[PDB]
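Taking it in order: structure first as structure tokens, then the write-up.
By convention in this document, chain letters (A, B, ...) are assigned in the order of the sequence lines, proteins followed by strands, and residues within each chain are numbered from 1.
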Amino acid sequence: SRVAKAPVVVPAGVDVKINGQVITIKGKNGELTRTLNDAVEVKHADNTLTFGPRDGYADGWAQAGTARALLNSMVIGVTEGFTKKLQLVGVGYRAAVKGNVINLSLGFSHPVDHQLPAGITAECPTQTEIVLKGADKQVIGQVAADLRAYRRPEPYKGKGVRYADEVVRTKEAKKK
RNA sequence: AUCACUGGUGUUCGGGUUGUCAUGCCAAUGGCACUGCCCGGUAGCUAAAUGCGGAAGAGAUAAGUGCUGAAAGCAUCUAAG
Ligand SMILES: [K+]
Ligand SMILES: [K+]
Ligand SMILES: [K+]
Ligand SMILES: [K+]
Ligand SMILES: [Mg+2]
Ligand SMILES: [Mg+2]
Ligand SMILES: [Mg+2]
Ligand SMILES: [Mg+2]
Ligand SMILES: [Mg+2]
Ligand SMILES: [Mg+2]
Ligand SMILES: [Mg+2]
Ligand SMILES: [Mg+2]
């Protein structure tokens with residue numbers, strides 16, 4: 001509703017294309033396409049997209065609000081792009097990128113190699129930092145979640161793979 | 001599952017031996033006595049013998065964990081995906 005009302009602006013250089021429900025956004029950072037829910041009517045208008053419910057759908061305003069938030073992320077994706085940062089905490093925990101495969105040393109008796117998906121790249125500044133980059137906000141979120149899952153932050157020392165902007169509450173071992 | 005090995009059985013293979021009857025007798029043999037009683041043992045069957053098995057992988061999930069995400073300007077694993 002309120003989210004669906006605010007239209008999204010197409011900055012210069014971004015080219016939208018609507019084939020019924022299938023949309024395609026093309027920018028300097030790549031090309032993203034989505035099939036919108038059959039209850040959403042989207043209009044290109046004058047360098048600004050608008051979103052509204054179609055007639056005969058009881059949830060059109062809920063479906064238009066999500067279609068708006070996604071297309072707004074698609075436009076940001078093909079220009080500024082998205083970035084996620086992860087830190088490793090713990091003596092001996094290290095990371096390193098070789099091609100599109102991240103090598104994790106997380107205290108296991110075996111190595112952890114994580115293959116990145118199609119349009120995601122990863123740089124390791126220090127050995128305890130990973131920086132992901134990509135145009136798809138959902139994909140970069142999934143990749144970061146998969147890397148965090150190898151060694152979730154534990155509550156007694158905060159050790160593991162954490163999001164850089166993550167608050168990790170710790171607690172003290174029970175006395176006696 | 002199998003019998004190469006280790007073994008059991010092995011009244012159809014060989015031997016020892018008690019009592020008695022017979023083959024004229026000696027010598028040699030056979031019958032009967034739980035296979036007379038025993039000692040070994042071939043093939044076969046067999047276990048205690050010795051080979052092998054339970055999986056890996058894949059698909060769709062349970063509880064559970066998430067990503068993106070509005071309805072509800074926030075939040076939200078869910079309503080779409
Ligand atoms: K045998
Ligand atoms: K035998
Ligand atoms: K006799
Ligand atoms: K969320
Ligand atoms: Mg034999
Ligand atoms: Mg024997
Ligand atoms: Mg015998
Ligand atoms: Mg005589
Ligand atoms: Mg007689
Ligand atoms: Mg008689
Ligand atoms: Mg399995
Ligand atoms: Mg949201």
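Straight-line distance between the P atoms of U68(B) and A72(B): roughly 22 Å, to the nearest whole Å. If you take atom P in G59(B) and the same atom in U76(B), they sit 32 Å apart, rounded to whole Å. Nucleotides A49(B) and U9(B) have their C1' atoms positioned 15 Å apart, rounded to a whole Å. On the P atoms, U11(B) is 16 Å away from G31(B), given to the nearest whole Å. Using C1' as the reference atom, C52(B) and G10(B) are 30 Å apart when rounded to the nearest Å. Here, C45(B) and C5(B) have their P atoms 14 Å apart, quoted to the whole Å. Look at the P atom in both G44(B) and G24(B): the space between them is 44 Å, to the nearest Å. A80(B) and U61(B) are spaced 22 Å apart, taking the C1' atom of each and rounding to whole Å.
Here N72(A) contributes atom CG and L49(A) contributes atom CG; the two are 10.5 Å apart, rounded to the nearest 0.5 Å. Once rounded to the nearest 0.5 Å, the distance linking CD of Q138(A) with CG of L70(A) reads 9.5 Å.
In terms of the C1'-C2'-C3'-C4' torsion, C34(B) has a south-puckered sugar. The angle is below zero. Nucleotide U11(B) carries a south-puckered sugar, as indicated by a negative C1'-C2'-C3'-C4' torsion. Nucleotide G73(B) shows a negative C1'-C2'-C3'-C4' value and thus a south, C2'-endo-like sugar. A positive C1'-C2'-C3'-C4' torsion places the sugar of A27(B) in the north, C3'-endo-side range. With its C1'-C2'-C3'-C4' torsion below zero, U50(B) shows a south sugar pucker.
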**Complete:** Contact string for nucleotides 55-61 of chain B, one letter per nucleotide 5' to 3', B = base within protein heavy-atom range under 4.0 Å, S = sugar-phosphate only, - = neither, reads -------

**Message:** For a quick check, with a 4.0 angstrom heavy-atom cut-off, what is the B/S/- contact string for nucleotides 74-81 of chain B, read 5' to 3'?
**Reply:** -----BBB

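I140(A) and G134(A) get closest at one heavy-atom pair: CD1-N, 4.0 Å. Listed here is the closest heavy atom pair of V9(A) and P11(A): O-CD, 3.3 Å. Heavy atoms only, all atoms of each residue included: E41(A) and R54(A) are closest at CA-NH1, 3.2 Å. Residues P153(A) and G158(A) come closest through the heavy atom pair CB-O, 4.3 Å. When all heavy atoms of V101(A) and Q115(A) are compared, the pair lying nearest together is CG2-NE2, 3.8 Å. Residues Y150(A) and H114(A) come closest through the heavy atom pair OH-ND1, 3.0 Å.
Applying the Watson-Crick and G-U wobble criteria (two distances, each under 3.5 Å), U42(B) pairs with nothing in any strand. In this structure, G64(B) makes no Watson-Crick or G-U wobble pair, since no nucleotide meets both defining distances under 3.5 angstrom. Pairing for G10(B) is absent, judged as Watson-Crick or G-U wobble with the two contacts each under 3.5 Å.
Nearest-nucleotide mapping onto RNA chain B: of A69(A) and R2(A), the residue sitting toward the 5' end is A69(A).
Atom CZ in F51(A) sits roughly 18 Å away from atom P in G73(B) (whole-Å rounding). Per the geometry, OH belonging to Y150(A) stands 14 Å off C1' belonging to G66(B), to the nearest Å. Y57(A) has its OH atom 18 Å from the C1' atom of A71(B), to the nearest Å. Distance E154(A) CD to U65(B) P: 19 Å, rounded to the nearest Å. Look at CE on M74(A): it is 15 Å from P on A70(B), rounded to the nearest Å. When the P atom of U68(B) is taken as reference, atom CD1 of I120(A) falls 12 Å away, rounded to whole Å. As rounded to whole Å, 12 Å separates atom P of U68(B) from atom CZ of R148(A). Residue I140(A) contributes atom CD1, which lies 16 Å from atom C1' of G66(B) at whole-angstrom precision.
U11(B): glycosidic angle within 90° of 0, hence syn.
Under a 3.5 Å limit on both donor-acceptor distances, the bases of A49(B) and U2(B) meet the Watson-Crick or G-U wobble criterion. Under the 3.5 Å cutoff applied to both distances, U50(B) and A1(B) qualify as a Watson-Crick or G-U wobble pair. Remark: the bases of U18(B) and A33(B) meet in a Watson-Crick or G-U wobble pair, both edge contacts within less than 3.5 Å.
Cluster membership for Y163(A) and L147(A), using ILVMFWY side-chain heavy atoms within less than 4.5 angstrom, is shared.
Picking from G73(B), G66(B), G69(B) the nucleotide with the shortest atom distance to the side chain of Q142(A) gives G66(B).
In this structure, the side chain of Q127(A) does not engage the main chain of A96(A) through any donor-acceptor pair within 3.5 Å.
Between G73(B) and its strand neighbour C74(B) the base rings do not stack, failing centres under 5.5 Å or planes under 30°.
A135(A) meets the side chain to side chain contact (heavy atoms under 4.5 Å, CB included) test with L32(A); sequence neighbours excluded.
Listed pair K84(A) / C67(B) fails the phosphate criterion, with no side-chain N or O lying under 4.0 Å from OP1 or OP2.
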**Message:** Under the criterion side-chain contact (heavy atoms from CB on, under 4.5 Å), I'd like the reasoning laid out for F51(A) against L71(A): C-alpha separation, chi angles, the key distance, then a yes or no.
**Reply:** CA-CA 10 Å; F51(A) 306 91; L71(A) 281 276; 3.7 Å; yes

